[PDB]
Amino acid sequence: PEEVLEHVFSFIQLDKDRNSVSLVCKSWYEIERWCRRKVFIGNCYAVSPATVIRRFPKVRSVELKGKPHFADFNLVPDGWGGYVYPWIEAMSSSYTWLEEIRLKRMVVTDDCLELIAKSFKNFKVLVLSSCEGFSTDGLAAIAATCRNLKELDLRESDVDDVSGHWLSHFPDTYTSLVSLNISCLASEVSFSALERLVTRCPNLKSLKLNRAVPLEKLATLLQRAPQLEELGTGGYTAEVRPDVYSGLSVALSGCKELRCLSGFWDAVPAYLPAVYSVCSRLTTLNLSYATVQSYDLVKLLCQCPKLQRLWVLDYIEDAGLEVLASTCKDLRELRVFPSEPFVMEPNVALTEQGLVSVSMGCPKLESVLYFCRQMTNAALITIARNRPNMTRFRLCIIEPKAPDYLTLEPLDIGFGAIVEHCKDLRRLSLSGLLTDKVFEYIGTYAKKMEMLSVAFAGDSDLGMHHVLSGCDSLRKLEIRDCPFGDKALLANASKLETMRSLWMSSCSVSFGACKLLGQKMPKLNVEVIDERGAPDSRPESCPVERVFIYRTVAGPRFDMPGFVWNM
Amino acid sequence: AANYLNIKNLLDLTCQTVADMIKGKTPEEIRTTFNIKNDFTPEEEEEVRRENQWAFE
Ligand SMILES: O=P(O)(O)O[C@H]1[C@H](OP(=O)(O)O)[C@@H](OP(=O)(O)O)[C@H](OP(=O)(O)O)[C@@H](OP(=O)(O)O)[C@H]1OP(=O)(O)O
Ligand SMILES: CC(C)(C)OC(=O)NCCCCCC[C@H](C(=O)O)c1c[nH]c2ccccc12
């Protein structure tokens with residue numbers, strides 16, 4: 001074959017498969033780099049713009065992630081890195097046809113946004129997921145210039161709030177909006193501009209609003225957008241009035257294609273039942289910001305038989321979840337957030353009986369994130385016995401080093417059962433009183449695990465050592481405040497090359513061991529992020545504040561700030 | 001199926017299922033079940049894999 005291959009290859013879109021075909025023959029390597037539409041870059045520092053731009057020169061879509069995950073826990077101080085500019089500037093003159101840029105935890109600035117705008121004529125998709133460092137001015141520029149923008153998705157970013165003016169720069173000739181997620185903006189956009197905008201966008205399919213858009217106005221935008229597949233409300237409070245409740249209700253039943261609901265800030269129980277015609281076609285629901293008691297959630301959930309995803313505060317409760325269990329036979333992912341964590345005081349009656357219920361009740365539960373204050377190995381044993389198909393399990397017990405509250409034992413057989421019975425468990429996040437014994441379970445059993453997160457657990461480096469030793473599929477390992485150090489870390493030095501990153505903060509990894517590892521391992525960047533001043537100003541054997549290791553073909557980076565050392 | 005003559009829909013029919021031959025198979029599984037011969041000195045066939053898995057995956 002030949003130009004046939006071009007056509008055969010267009011059918012292949014997974015990175016794994018693309019990489020696979022690139023390695024099958026020199027000819028394939030070549031046809032492939034030429035006709036590859038998207039690149040996934042999980043770690044911006046693992047390779048460089050020019051290397052990417054020069055393999056893969058016909059790229060239409062680019063995805064990039066910066067800071068490690070524990071940057072959400074405030075464990076990576078400001079300035080660390082993540083600058084996206086070099087990428088924009090590199091692609092800025094190579095990537096003429098560029099359509100999408102999805103960035104996760106990056107630094108992004110107004111001149112980045114300008115440059116994106118000025119250089120990509122066909123530009124369509126911008127998702128900035130937990131980025132920072134731009135302002136509504138940057139948004140202005142994108143609005144004013146990108147004439148084919150289809151998605152402007154700002155999930156979870158710190159924007160500089162200069163002002164809502166930015167939304168009016170979309171010209172009147174602009175119609176192509178497909179997705180707009182401005183939930184993180186505090187700045188109040190102009191309601192006229194916005195409404196006028198929703199109306200001339202016939203393809204608008206997902207609209208997610210900021211708080212500043214009061215519940216009273218919801219109805220009006222919805223009558224303008226009756227094709228919405230997903231909606232995130234704005235403020236969801238008001239004087240209780242039936243003109244108001246009624247306009248809402250009608251507006252909502254107007255959207256026969258809604259599947260996704262969220263927002264619900266300051267929600268007034270009185271005004272939830274409007275959402276009910278919607279309820280029964282509904283796949284995702286997110287009630288995270290709704291601080292609304294159990295019975296209210298339960299009235300809402302009762303009529304969502306089709307529900308596949310639910311994020312909810314913990315205000316739902318055990319009784320809550322016993323309901324969900326009989327109700328949503330199709331639930332796939334459940335996330336219970338905590339309602340007030342810095343109080344040690346059960347303010348709700350959410351225990352482990354919840355999770356246990358859900359898991360007998362929903363044959364398709366495969367993803368869980370759950371904050372309770374108490375737990376037992378009897379629960380985890382049951383949970384694991386009931387959901388062999390579990391693929392993501394994060395548990396997060398609010399008291400740390402809290403043990404099974406009936407036996408006082410720590411939770412090792414607990415999580416042992418999970419790792420032993422969910423042979424696809426691909427992500428696992430731990431807590432409770434835990435000894436090196438759990439890691440032995442993990443390393444013996446967790447063979448597909450890819451991501452593991454650990455805090456206040458383990459006894460000695462033996463723990464970390466069964467993990468790098470045992471876990472074949474490990475990609476991300478991240479750890480804080482455990483008694484883990486030099487030994488496991490150098491004993492398993494080359495595992496680090498089969499892994500995307502290892503992050504360790506407040507552990508006991510000495511500066512001496514960091515140093516050695518950099519030299520044993522030219523190709524890892526081993527980074528000591530420590531804020532007390534140079535590490536060599538302290539004895540080699542003092543634990544660094546944080547060290548973050550990761551493979552790279554780019555070697556060491558150029559934008560370290562002052563409190564980061566490469567080795 | 002070749003073609004010459006350009007029956008655009010049917011290209012789509014074969015390609016989509018040849019492509020279906022390939023997805024989720026190693027560069028060997030492909031190269032075997034296909035009889036391409038590996039023309040990579042293992043120095044290049046290893047700089048390439050390190051790029052693939054470290055940077056693009
Ligand atoms: O594939 P990764 O590079 O490991 O990215 C993962 C992955 O995101 P994607 O699978 O969508 O690419 C997780 O997805 P799941 O584990 O849930 O399947 C996502 O988890 P969320 O569901 O919370 O989005 C997680 O996000 P996070 O790490 O913030 O929890 C994120 O991890 P990265 O930070 O490494 O991207
Ligand atoms: C801590 C502050 C600054 C408030 O940051 C946040 O607001 N963070 C949002 C909390 C996200 C919840 C993620 C749970 C996180 C996880 O990986 O799912 C987790 C659960 N158990 C753990 C044990 C050790 C390490 C990590 C975990």
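Atoms considered below: every heavy atom in the structure, side chains included; atoms not considered: hydrogens, waters and symmetry mates. Throughout, a chain's letter reflects where its sequence line sits, starting with A, and its residues are numbered from 1. In listed order, ligands and their atoms are each counted from 1.
For atom 4 (C) of ligand 2, the nearest protein heavy atom lies 4.0 Å or farther away. Put simply, atom 17 (O) of ligand 2 has protein non-hydrogen atoms near it, under 4.0 Å away.
Between A:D160 and A:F134, every side-chain heavy-atom pair lies at or beyond the 4.5 Å cut-off.
Of the protein's non-hydrogen atoms, the one nearest atom 13 (C) of ligand 2 is A:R394 NH2, 3.5 Å. Closest to atom 11 (C) of ligand 2, if we only count protein heavy atoms, is A:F73 CE2, 3.6 Å. Among protein heavy atoms, the minimum distance from atom 23 (C) of ligand 2 is reached at A:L430 O, 2.8 Å. With respect to atom 26 (C) of ligand 2, the closest heavy atom belonging to the protein is A:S453 CB, 3.8 Å. The nearest protein atom to atom 7 (O) of ligand 2, hydrogens excluded, is given as A:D72 O, 4.5 Å; this is a heavy-atom distance.
Using a 30° and 60° split on the angle between ring planes, A:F70 and A:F73 fall in the perpendicular class, above 60°. By the 30° and 60° cut-offs, the orientation of the rings of A:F548 relative to A:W503 is tilted.
Checked against a 6.0 Å centroid threshold, the rings of A:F439 and A:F484 count as neighbours. Taking the six-membered ring where the residue is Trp, the centroids of A:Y289 and A:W265 are separated by under 6.0 Å. The aromatic ring centroids of A:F56 and B:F56 lie less than 6.0 Å from each other.
Of all atoms in ligand 2, listed by their number and element, those nearer than 4.0 Å to a heavy atom of A:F371 are 12 (C). Residue A:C396 has at least one heavy-atom neighbour below 4.0 Å for each of these atoms of ligand 2: 20 (C), 21 (N). Under a 4.0 Å criterion applied to the non-hydrogen atoms of A:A455, ligand 2 contributes the atoms 24 (C).
At under 3.5 Å, a nitrogen or oxygen of A:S429, whether backbone or side chain, sits near a nitrogen or oxygen of ligand 2. At under 3.5 Å, not a single nitrogen or oxygen of A:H69, backbone or side chain, sits near a nitrogen or oxygen of ligand 2.
Residues A:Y405 and A:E352 bring a donor and an acceptor atom of their side chains to less than 3.5 Å of each other. In summary, the side chains of A:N19 and B:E57 do present a donor paired with an acceptor at a separation below 3.5 Å, with no hydrogens or angles considered. A:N181 and A:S206 share no donor-acceptor pair across their side chains, judged by distance under 3.5 Å alone. In summary, the side chains of A:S460 and A:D436 do present a donor paired with an acceptor at a separation below 3.5 Å, with no hydrogens or angles considered.
When non-hydrogen atoms are compared, ligand 2 lies under 4.0 Å from the side chain of A:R427 (C-beta onward) but not from its backbone.
Protein neighbours of ligand 1 below 4.0 Å, counting non-hydrogen atoms: A:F40, A:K65, A:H69, A:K104, A:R105, A:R335, A:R392, A:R394, A:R426, A:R427, A:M451, A:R475, A:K476, A:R500.
Screening A:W87, A:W80, A:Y83 for a ring pair (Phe, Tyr, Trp, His ring centres under 6.0 Å) with A:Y45, the sole residue that qualifies is A:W80.
Between A:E366 and A:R332 no salt bridge is recorded (no basic side-chain N to carboxylate O distance below 4.0 Å).
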